[PDB]
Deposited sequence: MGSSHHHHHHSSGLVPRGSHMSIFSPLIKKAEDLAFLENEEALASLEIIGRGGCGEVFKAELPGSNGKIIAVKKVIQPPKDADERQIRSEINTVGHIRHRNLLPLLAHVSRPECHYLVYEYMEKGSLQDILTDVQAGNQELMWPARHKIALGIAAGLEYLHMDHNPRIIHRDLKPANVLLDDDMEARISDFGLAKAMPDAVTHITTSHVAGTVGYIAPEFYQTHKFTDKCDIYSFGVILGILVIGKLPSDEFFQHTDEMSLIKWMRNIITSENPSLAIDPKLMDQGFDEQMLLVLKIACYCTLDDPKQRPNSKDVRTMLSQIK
């Protein structure tokens, strides 16, 4: 029925509202991800992600149990998993800071700012989480869906990677590519995936490299600016500017000429290495974290 992975949920009946349909209809939709108040706790807020059972469905439960035991400073812990005949519910803590996607989008609109030290802290957090998943957890965990929407910020402004591990939660490759086009996140899919249809650690490295590039450029891969550029993609445009006469032009003008230019150019080079067309040319998560910390 349901597996409890965190002491924050005292009783299982506290999640009974998840099996009430008309109670779910009233919940706020923050993502599908609902937002509710934990009944057992004294005002703790939880985010409940709803995934559809695959038509395959037996391995996702073992994968969820594996995810429920993973704990890292830069990984979003899974509090509980509720299993219904129609769908699965993954319970996380609600992070009022939001995701990196929301923060960067609001930074574009001028309703928010994000300094370079904070971005470097976020990048180091994502590197630590990716390295723990790739090279430290006893079974190697592949994210398969790394993007700024699956990286949240806690009250320490630390990165926390989410929505990882579930191999069976993913659709087929064609459906994944089409729905990532509609969602505007195809820029994080490595080139090799169009020929291999298989998720590897190097695909997560490519996604991380696109995120690293975003953190300096200040623009998303879905930006129409790249559709009005010669390279027609964020990665190729960045790759050309890094070796151009003036690489500093790739820096977000909000972060420019504030004493962090060389550091941002270094992480741009790191992202360039993380986004090479050949996966064997890309570095592993440990090397990425070491290079990010060498600044």
ask   = Which regions of the deposited sequence are unaccounted for in the modelled residues, listed N- to C-terminal?
value = 1-19, 51-55, 80-82, 323
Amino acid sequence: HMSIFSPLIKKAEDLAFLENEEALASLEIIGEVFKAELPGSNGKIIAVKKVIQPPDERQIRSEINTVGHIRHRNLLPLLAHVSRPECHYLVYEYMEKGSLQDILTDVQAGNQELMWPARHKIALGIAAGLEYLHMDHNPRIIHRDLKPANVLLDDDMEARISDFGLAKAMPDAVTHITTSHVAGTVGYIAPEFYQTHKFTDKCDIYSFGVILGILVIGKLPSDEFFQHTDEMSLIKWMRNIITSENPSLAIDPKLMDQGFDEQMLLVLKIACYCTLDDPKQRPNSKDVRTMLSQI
From here on, numbers count along this sequence of modelled residues.
query = Mean C-alpha B-factor higher for 237-245, or for 60-68?
reply = 60-68
ask   = Comparing 223-231 with 46-54, which has the greater mean CA B-factor as deposited?
value = 223-231
Maximum C-alpha temperature factor, selected from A190, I177, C87, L215 = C87
task = Determine which member of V186, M115, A159, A80 has the highest CA B-factor, using the values in the deposited entry.
result = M115
request  = Within this chain's modelled residues, let me know which third the CA B factor of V267 belongs to: lowest, middle or highest.
outcome  = lowest
task = For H137, return the chain-relative third of its C-alpha B-factor as stated in the PDB record: lowest, middle or highest.
result = highest
ask   = Which third of the chain does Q108 land in by C-alpha B-factor: lowest, middle or highest?
value = highest
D155 - Cα temperature factor, lowest/middle/highest third of chain = highest
note = On the chain's distribution of Cα B-factors, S6 falls within the third called highest
